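Taken one at a time, structure 1 and structure 2 that follow are two forms of one protein chain, written as structure tokens.
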Structure 1
């Protein structure tokens, strides 16, 4: 039994350490790794540490523990909402901009507190823990979870026991994501998590510095999946106590807030050394208290936060572009891009906005479509630097011809990207309307639908811009300057 798991993890480690098999076999590799992980999971006993009470049975201890250490505990209560899970609900009227939530640093779990814990000796030895603060947080969480007298037990006992990150998806739920951009990040997350589990399983067994860890006695795959999912769905970047650099931290109590659209209203107060949150909007008594997590895409929300946000105003897809080495004007284009601070090839973003492209992508596309004569004007003479300076400004085109070319290219490229999907937008909408699906299945289908809808809007916006600049060209309008 004990030698069997070591065999499987060794088999899992070589499998997940192997290089990518090419993109055409990435699904087969994913299923192969899934098969090994489930075999290990069926031979283990789930979470090493489980608690007798329900999740809500421990929230009063969280409040008492946070109150003794200087945190705000009045004006809100914990409620199990259907849509978002557990969250905060106001018990009094809270006005927008009111400072209603604060958490002193003493309560936080940080990379620094991980270094000072029982994990300290192993942390001082393992290059992965030293380089990856998020993984160190995950093991800090696991070691304190298995320590009954831990200072952070009131926080750990109120954490979720499961998440909706793709690590928890069924095979057929991930299968909805075939042919999308997002599935490659799902592949990487699964392979990384499996490789990390097998690596640290062997490290804990071979390193004498790990002999005092509770994980030396029990460390299951379920433990690791839970720990990394807890960190990825809740971790935060804060300044060190010195204020000279940044670190990663879990912030109890405040991280129970669920997400809505708006602005970030949570910041660190270094003078008083505590996290502070002001109300994003008015919250009447009985209304859920929301915060704005950040300007993340729905792909990021699904993969790293475990939920899909309808009406995400910051949604985007990726588009990879680069100047071809077979372009006769490669050297000139690469130099103009270098002088503008833009790489010759990169992954850009297409936004669900008008225009769908940033200033950096606009600048790239302009250089991408420049003639030799236009390139020389951005490389030579007393006006070249001024021309570089306006490259990302929609109000100052290189020429009407350059604009028509770049919007034609983007229209063609976004149209071609749409042709690489296994389903159409209308088919996805029919699936959502006519099938009865799990939460995780709809996250996947809405993800693949959102990718095509962003590309479809980008096609329409580029076609409209092509016609605008074509009109300027045929009317011989003076260039703005």
Structure 2
């Protein structure tokens, strides 16, 4: 059994180190990797370390541990919520902008504390750990979890034992995402995680020696999946003590806050060396205390945070666009885009808000649909730089005809993109209504629906904009300046 598990990880390492198979064969590669991962996992014991009892029983010790090291423990409590898991509930009234949470650096798990832990020797020898603080944090977490005397034991014992990152999805749950934008990042996550587990399994088991490292006795695929999901769903960038650079960190107590829409109200206080959080809004006693995680898309929330957020006002989808070298106006268009600080081709974002395109995308699309005479006006003479200056401003168009052309293109390309999906918007909504699905399956289906709904909104915006400028073209309205 011990050599057999080593042979399997060596095959897993080879498979997951191979170049990308091509987009048409990524699903096949994914199922091949799952098969090998699943065979390793059935031959292993699960998590190397587990803890008795229910998750609620450990939160009192987390609070006592935080209070004895200077953290705030007044005004809130840990409660199991129906829609978010566990989180903070105010035990008193909390007014907006009130400082209610602070966590000194001594409580944090950071790349620096990892370097100074039992992981230190391996970290100093391994070029991957030195390059990837997120992976180092994951191993920091595993090493301390396996250390009964660890200072961070009260925090590690309150972490979830399972997550809703795609690493935990069944194959048929990932299958819902076929033909979506998001599934490629799911494939990458799965292949990254498997390559890393196999790489470090061979480093730990094979490479001298039998260090004080607790991972030498037991390092399972379950261990690594749990550790990277803990880090990716909870990690944070903070300054170092010197304030000279940034590091990755796990922030106990405060990272139990669940997410809602709003603005970031959590910041690092370097002089007093502690994390600080002020109330996003008024929280009456008994209400859940929320924070704003960040302006991430639902693809990012699903893949890296393990949840889908309804009414995420920052949801977006990628759109790839570029001036082809086949265009006879390529040189002029590329020069205009260069002067505006835009590459000749890039990945842009379509947003589910109004307007759905950014200033950068609007500037690119304007150049994309520009005549040669219009491009010359953006290249030559005393007004050329000023015309570039307003290229991304919806109030100052190049011409009525230019607006109609660019909005026609966006309408057409978004409509084309809707037709590359396996299901329609209406069929997804009927799957979600008429069927009873797992939480993870609903996440996959709502994500593929969300992509199409964002494209659908772009079609409607572009159609309206098209008609607006086209009717103003017919009336020959004076162009603004």
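Each form is matched to the other, and the largest set of C-alpha atoms that superpose within 1.5 Å is called the rigid core. Only residues modelled in both forms are compared. Residue numbers count along the first chain shown, from 1.
**Q** After fitting the rigid core, tell me which of 435, 422, 43, 54 has its Cα displaced by at least 2 Å between structure 1 and structure 2.
**A** So the residue whose C-alpha moves 2 Å or more is 54.
**Q** For a quick test of reading the superposition: does residue 256 move by 2 Å or more at the CA between structure 1 and structure 2, rigid core aligned?
**A** No, its C-alpha moves less than 2 Å.
**Q** Superposed on the rigid core, does the Cα of residue 156 end up 2 angstroms or more away between structure 1 and structure 2?
**A** No, the C-alpha position differs by under 2 Å between structure 1 and structure 2.
**Q** Core-aligned, does residue 210 move its Cα 2 Å or more between structure 1 and structure 2?
**A** Residue 210: C-alpha displaced by 2 Å or more between structure 1 and structure 2.
**Q** By how many angstrom is the Cα of residue 24 displaced between structure 1 and structure 2 when the rigid core is overlaid?
**A** That residue's C-alpha is offset by 0.9 Å.
**Q** Once the two forms are fitted on their rigid core, how many angstrom does the CA of residue 244 move between structure 1 and structure 2?
**A** C-alpha shift for residue 244: 2.0 Å.
**Q** Which residue stretches between structure 1 and structure 2 come out as moving, taking only runs of at least three where every Cα shifts by 2 Å or more after core superposition?
**A** Only these runs move by 2 Å or more: 52-54, 205-212.
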